[PDB]
Amino acid sequence: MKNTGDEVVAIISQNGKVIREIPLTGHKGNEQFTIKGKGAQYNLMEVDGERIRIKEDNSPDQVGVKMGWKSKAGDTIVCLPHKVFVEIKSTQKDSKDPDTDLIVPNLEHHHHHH
């Protein structure tokens with residue numbers, strides 16, 4: 001029913017930096033969030049019943065759409081046309097290789113008004 005001890009979280013990174021991470025295990029019900037990156041390039045992600053998938057995105061690959069419901073430590077969601085890379089890791093000592101070679105803080109080229 002709802003006794004799940006394998007507490008895993010989905011790590012969302014884009015362009016080469018971690019932008020968000022959603023807990024899957026125990027996270028019952030439905031949840032949605034839109035990953036906006038470059039020119040018109042976005043990924044509408046959906047977490048429904050302790051599992052995550054790409055609900056909709058504008059890519060000719062649609063790889064994450066083929067991936068479907070992912071929810072275990074080791075599952076991934078990859079949309080290179082949008083530079084979105086997602087991997088699922090567990091909270092309980094799930095020691096994955098932490099490659100920290102990320103992209104520098106991107107400047108908002110319009111800082112003065114919207």
# chains A, B, ... in the order shown; residues from 1 in each chain; ligands from 1

call {"tool": "select_by_dssp", "arguments": {"residues": "chain A", "states": "strand (DSSP E or B)", "output": "PyMOL selection string"}}
result
chain A and resi 8-14+17-23+30-38+41-48+52-57+70+76-79+84-90

call {"tool": "closest_atom_pairs", "arguments": {"of": "stretch 30-63 of chain A", "to": "stretch 80-83 of chain A", "cutoff": "9 Å", "atoms": "only C-alpha atoms", "output": "Markdown table"}}
result
| residue | atom | partner | partner_atom | distance |
| --- | --- | --- | --- | --- |
| A:36 | CA | A:82 | CA | 8.5 |
| A:37 | CA | A:82 | CA | 6.8 |
| A:38 | CA | A:82 | CA | 7.0 |
| A:41 | CA | A:82 | CA | 5.4 |
| A:42 | CA | A:82 | CA | 6.5 |
| A:43 | CA | A:82 | CA | 7.6 |
| A:57 | CA | A:82 | CA | 8.9 |
| A:58 | CA | A:82 | CA | 8.5 |
| A:59 | CA | A:81 | CA | 6.3 |
| A:60 | CA | A:81 | CA | 8.1 |
| A:61 | CA | A:81 | CA | 7.9 |
| A:63 | CA | A:80 | CA | 9.0 |

call {"tool": "write_last_selection", "arguments": {"atoms": "N, CA and C atoms", "output": "mmCIF file, in the first residue's frame"}}
result
data_model
loop_
_atom_site.group_PDB
_atom_site.id
_atom_site.type_symbol
_atom_site.label_atom_id
_atom_site.label_comp_id
_atom_site.auth_asym_id
_atom_site.auth_seq_id
_atom_site.Cartn_x
_atom_site.Cartn_y
_atom_site.Cartn_z
ATOM 1 N N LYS A 36 12.074 25.697 -17.722
ATOM 2 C CA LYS A 36 12.365 26.619 -18.833
ATOM 3 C C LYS A 36 13.866 26.948 -18.900
ATOM 4 N N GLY A 37 14.478 26.721 -20.065
ATOM 5 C CA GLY A 37 15.918 26.925 -20.210
ATOM 6 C C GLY A 37 16.301 27.939 -21.288
ATOM 7 N N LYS A 38 16.258 27.516 -22.551
ATOM 8 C CA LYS A 38 16.731 28.353 -23.669
ATOM 9 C C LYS A 38 15.566 28.748 -24.606
ATOM 10 N N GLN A 41 12.730 26.481 -25.435
ATOM 11 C CA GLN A 41 13.017 25.114 -24.981
ATOM 12 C C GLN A 41 12.619 24.902 -23.510
ATOM 13 N N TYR A 42 11.601 24.067 -23.287
ATOM 14 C CA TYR A 42 11.101 23.781 -21.930
ATOM 15 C C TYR A 42 10.745 22.293 -21.757
ATOM 16 N N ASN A 43 10.611 21.855 -20.504
ATOM 17 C CA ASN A 43 10.176 20.486 -20.187
ATOM 18 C C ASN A 43 9.125 20.480 -19.068
ATOM 19 N N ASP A 57 6.976 18.177 -23.753
ATOM 20 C CA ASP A 57 8.087 19.074 -24.090
ATOM 21 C C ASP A 57 8.282 19.162 -25.613
ATOM 22 N N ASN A 58 8.887 20.254 -26.072
ATOM 23 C CA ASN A 58 9.079 20.483 -27.509
ATOM 24 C C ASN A 58 10.449 19.975 -27.993
ATOM 25 N N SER A 59 10.622 18.657 -28.003
ATOM 26 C CA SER A 59 11.860 18.044 -28.514
ATOM 27 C C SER A 59 11.541 16.978 -29.567
ATOM 28 N N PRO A 60 12.341 16.889 -30.648
ATOM 29 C CA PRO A 60 12.147 15.856 -31.679
ATOM 30 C C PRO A 60 12.544 14.458 -31.176
ATOM 31 N N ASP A 61 13.316 14.435 -30.095
ATOM 32 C CA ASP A 61 13.760 13.193 -29.459
ATOM 33 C C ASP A 61 12.666 12.592 -28.556
ATOM 34 N N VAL A 63 12.926 11.658 -25.621
ATOM 35 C CA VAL A 63 13.536 10.523 -24.907
ATOM 36 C C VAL A 63 12.876 10.274 -23.539
#

call {"tool": "atom_distance", "arguments": {"atom1": "atom CA of residue A:84", "atom2": "atom CA of residue A:69"}}
result
16.8 Å

call {"tool": "select_by_dssp", "arguments": {"residues": "chain A", "states": "alpha helix (DSSP H)", "output": "count of residues only"}}
result
5

call {"tool": "closest_residue", "arguments": {"among": "A:66, A:2, A:112, A:53", "to": "residue A:30", "atoms": "only C-alpha atoms"}}
result
A:53

call {"tool": "residues_around", "arguments": {"residues": "residue A:105", "least_positions_apart": "3", "cutoff": "12 Å", "atoms": "only C-alpha atoms", "output": "list in words"}}
result
residues 15, 16, 17, 18, 19, 102 and 108 of chain A

call {"tool": "write_last_selection", "arguments": {"atoms": "N, CA, C and O atoms", "output": "short mmCIF file (atom, residue, chain, number, x, y, z; two decimals), in the first residue's frame"}}
result
data_model
loop_
_atom_site.label_atom_id
_atom_site.label_comp_id
_atom_site.auth_asym_id
_atom_site.auth_seq_id
_atom_site.Cartn_x
_atom_site.Cartn_y
_atom_site.Cartn_z
N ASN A 15 21.59 22.74 -18.53
CA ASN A 15 22.74 23.50 -19.05
C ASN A 15 24.08 23.06 -18.41
O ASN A 15 25.15 23.41 -18.90
N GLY A 16 24.01 22.28 -17.33
CA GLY A 16 25.21 21.87 -16.60
C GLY A 16 25.22 22.35 -15.15
O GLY A 16 26.28 22.57 -14.57
N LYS A 17 24.03 22.57 -14.58
CA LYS A 17 23.90 22.93 -13.16
C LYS A 17 22.59 22.37 -12.57
O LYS A 17 21.57 22.28 -13.26
N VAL A 18 22.62 22.00 -11.29
CA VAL A 18 21.41 21.52 -10.60
C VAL A 18 20.45 22.68 -10.29
O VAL A 18 20.82 23.64 -9.60
N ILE A 19 19.23 22.59 -10.81
CA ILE A 19 18.25 23.68 -10.65
C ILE A 19 17.09 23.31 -9.71
O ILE A 19 16.41 24.19 -9.18
N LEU A 102 30.46 22.09 -12.86
CA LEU A 102 29.21 22.68 -13.35
C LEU A 102 29.44 24.00 -14.11
O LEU A 102 30.58 24.44 -14.30
N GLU A 108 21.85 37.87 -15.37
CA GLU A 108 20.62 38.35 -15.99
C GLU A 108 20.89 39.62 -16.82
O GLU A 108 20.93 40.74 -16.29
#

call {"tool": "decode", "arguments": {"residues": "chain A", "atoms": "C-alpha atoms", "output": "PDB file, in the first residue's frame"}}
result
ATOM      1  CA  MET A   1       0.000   0.000   0.000  1.00  0.00           C
ATOM      2  CA  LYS A   2       2.231   2.901   1.228  1.00  0.00           C
ATOM      3  CA  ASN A   3       5.091   1.262   3.221  1.00  0.00           C
ATOM      4  CA  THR A   4       8.148   2.319   1.154  1.00  0.00           C
ATOM      5  CA  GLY A   5      11.541   2.716   2.870  1.00  0.00           C
ATOM      6  CA  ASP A   6      13.592   3.243  -0.312  1.00  0.00           C
ATOM      7  CA  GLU A   7      13.450   7.058  -0.036  1.00  0.00           C
ATOM      8  CA  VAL A   8      14.676   8.291  -3.465  1.00  0.00           C
ATOM      9  CA  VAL A   9      14.799  11.823  -4.952  1.00  0.00           C
ATOM     10  CA  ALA A  10      14.894  13.019  -8.599  1.00  0.00           C
ATOM     11  CA  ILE A  11      17.803  15.411  -9.325  1.00  0.00           C
ATOM     12  CA  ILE A  12      17.001  17.916 -12.117  1.00  0.00           C
ATOM     13  CA  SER A  13      19.973  19.655 -13.808  1.00  0.00           C
ATOM     14  CA  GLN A  14      19.966  21.939 -16.886  1.00  0.00           C
ATOM     15  CA  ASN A  15      22.744  23.498 -19.046  1.00  0.00           C
ATOM     16  CA  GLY A  16      25.212  21.869 -16.601  1.00  0.00           C
ATOM     17  CA  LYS A  17      23.900  22.929 -13.163  1.00  0.00           C
ATOM     18  CA  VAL A  18      21.412  21.517 -10.599  1.00  0.00           C
ATOM     19  CA  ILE A  19      18.250  23.678 -10.654  1.00  0.00           C
ATOM     20  CA  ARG A  20      15.746  21.540  -8.672  1.00  0.00           C
ATOM     21  CA  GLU A  21      15.201  18.133  -6.979  1.00  0.00           C
ATOM     22  CA  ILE A  22      11.833  16.484  -6.147  1.00  0.00           C
ATOM     23  CA  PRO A  23      11.365  13.628  -3.576  1.00  0.00           C
ATOM     24  CA  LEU A  24       9.604  10.640  -5.210  1.00  0.00           C
ATOM     25  CA  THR A  25       9.251   7.859  -2.587  1.00  0.00           C
ATOM     26  CA  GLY A  26       6.367   8.682  -0.226  1.00  0.00           C
ATOM     27  CA  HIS A  27       5.320  11.596  -2.473  1.00  0.00           C
ATOM     28  CA  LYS A  28       1.777  10.389  -3.240  1.00  0.00           C
ATOM     29  CA  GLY A  29      -0.731  12.170  -5.486  1.00  0.00           C
ATOM     30  CA  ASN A  30       0.124  14.285  -8.561  1.00  0.00           C
ATOM     31  CA  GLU A  31       2.566  17.192  -9.063  1.00  0.00           C
ATOM     32  CA  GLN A  32       3.759  19.246 -12.084  1.00  0.00           C
ATOM     33  CA  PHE A  33       6.608  21.720 -12.797  1.00  0.00           C
ATOM     34  CA  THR A  34       7.839  23.452 -15.999  1.00  0.00           C
ATOM     35  CA  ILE A  35      11.608  23.528 -16.678  1.00  0.00           C
ATOM     36  CA  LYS A  36      12.365  26.619 -18.833  1.00  0.00           C
ATOM     37  CA  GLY A  37      15.918  26.925 -20.210  1.00  0.00           C
ATOM     38  CA  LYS A  38      16.731  28.353 -23.669  1.00  0.00           C
ATOM     39  CA  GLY A  39      14.896  29.797 -26.727  1.00  0.00           C
ATOM     40  CA  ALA A  40      11.391  28.259 -26.470  1.00  0.00           C
ATOM     41  CA  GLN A  41      13.017  25.114 -24.981  1.00  0.00           C
ATOM     42  CA  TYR A  42      11.101  23.781 -21.930  1.00  0.00           C
ATOM     43  CA  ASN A  43      10.176  20.486 -20.187  1.00  0.00           C
ATOM     44  CA  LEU A  44       6.839  19.946 -18.397  1.00  0.00           C
ATOM     45  CA  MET A  45       7.626  17.295 -15.757  1.00  0.00           C
ATOM     46  CA  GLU A  46       4.997  15.332 -13.779  1.00  0.00           C
ATOM     47  CA  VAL A  47       5.399  13.412 -10.491  1.00  0.00           C
ATOM     48  CA  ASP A  48       2.367  11.101 -10.058  1.00  0.00           C
ATOM     49  CA  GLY A  49       2.328   8.336  -7.418  1.00  0.00           C
ATOM     50  CA  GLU A  50       5.988   8.244  -6.238  1.00  0.00           C
ATOM     51  CA  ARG A  51       7.185   8.347  -9.890  1.00  0.00           C
ATOM     52  CA  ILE A  52       8.237  11.035 -12.403  1.00  0.00           C
ATOM     53  CA  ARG A  53       7.961  11.471 -16.200  1.00  0.00           C
ATOM     54  CA  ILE A  54       7.969  14.103 -18.967  1.00  0.00           C
ATOM     55  CA  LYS A  55       4.321  15.163 -19.321  1.00  0.00           C
ATOM     56  CA  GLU A  56       5.126  17.350 -22.370  1.00  0.00           C
ATOM     57  CA  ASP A  57       8.087  19.074 -24.090  1.00  0.00           C
ATOM     58  CA  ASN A  58       9.079  20.483 -27.509  1.00  0.00           C
ATOM     59  CA  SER A  59      11.860  18.044 -28.514  1.00  0.00           C
ATOM     60  CA  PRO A  60      12.147  15.856 -31.679  1.00  0.00           C
ATOM     61  CA  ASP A  61      13.760  13.193 -29.459  1.00  0.00           C
ATOM     62  CA  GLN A  62      11.110  12.936 -26.681  1.00  0.00           C
ATOM     63  CA  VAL A  63      13.536  10.523 -24.907  1.00  0.00           C
ATOM     64  CA  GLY A  64      12.042  11.214 -21.459  1.00  0.00           C
ATOM     65  CA  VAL A  65       8.602  10.477 -22.964  1.00  0.00           C
ATOM     66  CA  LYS A  66       9.897   7.014 -23.986  1.00  0.00           C
ATOM     67  CA  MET A  67      11.376   6.690 -20.460  1.00  0.00           C
ATOM     68  CA  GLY A  68       7.929   7.144 -18.882  1.00  0.00           C
ATOM     69  CA  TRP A  69       7.361   6.398 -15.171  1.00  0.00           C
ATOM     70  CA  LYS A  70      10.776   6.377 -13.424  1.00  0.00           C
ATOM     71  CA  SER A  71      11.032   6.070  -9.590  1.00  0.00           C
ATOM     72  CA  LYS A  72      14.107   4.018  -8.553  1.00  0.00           C
ATOM     73  CA  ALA A  73      17.694   5.012  -7.680  1.00  0.00           C
ATOM     74  CA  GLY A  74      19.426   4.647 -11.061  1.00  0.00           C
ATOM     75  CA  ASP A  75      16.596   5.836 -13.344  1.00  0.00           C
ATOM     76  CA  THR A  76      17.176   8.935 -15.531  1.00  0.00           C
ATOM     77  CA  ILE A  77      15.380  11.474 -17.777  1.00  0.00           C
ATOM     78  CA  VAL A  78      17.444  13.065 -20.606  1.00  0.00           C
ATOM     79  CA  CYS A  79      16.415  15.825 -23.072  1.00  0.00           C
ATOM     80  CA  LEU A  80      19.628  17.115 -24.735  1.00  0.00           C
ATOM     81  CA  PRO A  81      17.785  19.546 -27.165  1.00  0.00           C
ATOM     82  CA  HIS A  82      16.726  21.325 -23.930  1.00  0.00           C
ATOM     83  CA  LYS A  83      19.969  20.442 -22.065  1.00  0.00           C
ATOM     84  CA  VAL A  84      17.896  18.880 -19.244  1.00  0.00           C
ATOM     85  CA  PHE A  85      19.489  15.910 -17.413  1.00  0.00           C
ATOM     86  CA  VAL A  86      17.677  14.158 -14.518  1.00  0.00           C
ATOM     87  CA  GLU A  87      18.911  11.256 -12.334  1.00  0.00           C
ATOM     88  CA  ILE A  88      17.234   9.566  -9.338  1.00  0.00           C
ATOM     89  CA  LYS A  89      19.352   8.899  -6.203  1.00  0.00           C
ATOM     90  CA  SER A  90      18.407   7.527  -2.746  1.00  0.00           C
ATOM     91  CA  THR A  91      18.732   9.387   0.579  1.00  0.00           C
ATOM     92  CA  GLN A  92      20.025   6.273   2.384  1.00  0.00           C
ATOM     93  CA  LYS A  93      23.798   6.445   1.712  1.00  0.00           C
ATOM     94  CA  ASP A  94      23.260   6.161  -2.082  1.00  0.00           C
ATOM     95  CA  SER A  95      26.862   7.101  -2.923  1.00  0.00           C
ATOM     96  CA  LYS A  96      26.953   8.168  -6.591  1.00  0.00           C
ATOM     97  CA  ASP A  97      29.963   9.895  -8.228  1.00  0.00           C
ATOM     98  CA  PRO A  98      29.550  13.658  -7.491  1.00  0.00           C
ATOM     99  CA  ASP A  99      30.912  15.398 -10.607  1.00  0.00           C
ATOM    100  CA  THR A 100      30.898  19.060  -9.457  1.00  0.00           C
ATOM    101  CA  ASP A 101      32.281  20.489 -12.734  1.00  0.00           C
ATOM    102  CA  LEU A 102      29.207  22.683 -13.350  1.00  0.00           C
ATOM    103  CA  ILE A 103      28.406  25.924 -15.231  1.00  0.00           C
ATOM    104  CA  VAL A 104      29.124  29.318 -13.591  1.00  0.00           C
ATOM    105  CA  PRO A 105      26.319  31.641 -12.266  1.00  0.00           C
ATOM    106  CA  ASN A 106      24.553  33.037 -15.359  1.00  0.00           C
ATOM    107  CA  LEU A 107      24.046  36.819 -15.325  1.00  0.00           C
ATOM    108  CA  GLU A 108      20.616  38.348 -15.988  1.00  0.00           C
ATOM    109  CA  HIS A 109      21.452  40.550 -19.010  1.00  0.00           C
ATOM    110  CA  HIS A 110      18.730  43.175 -18.364  1.00  0.00           C
ATOM    111  CA  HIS A 111      19.158  44.019 -14.633  1.00  0.00           C
ATOM    112  CA  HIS A 112      17.329  47.363 -14.279  1.00  0.00           C
ATOM    113  CA  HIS A 113      13.727  46.301 -14.987  1.00  0.00           C
ATOM    114  CA  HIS A 114      11.676  43.383 -16.379  1.00  0.00           C
TER     115      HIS A 114
END
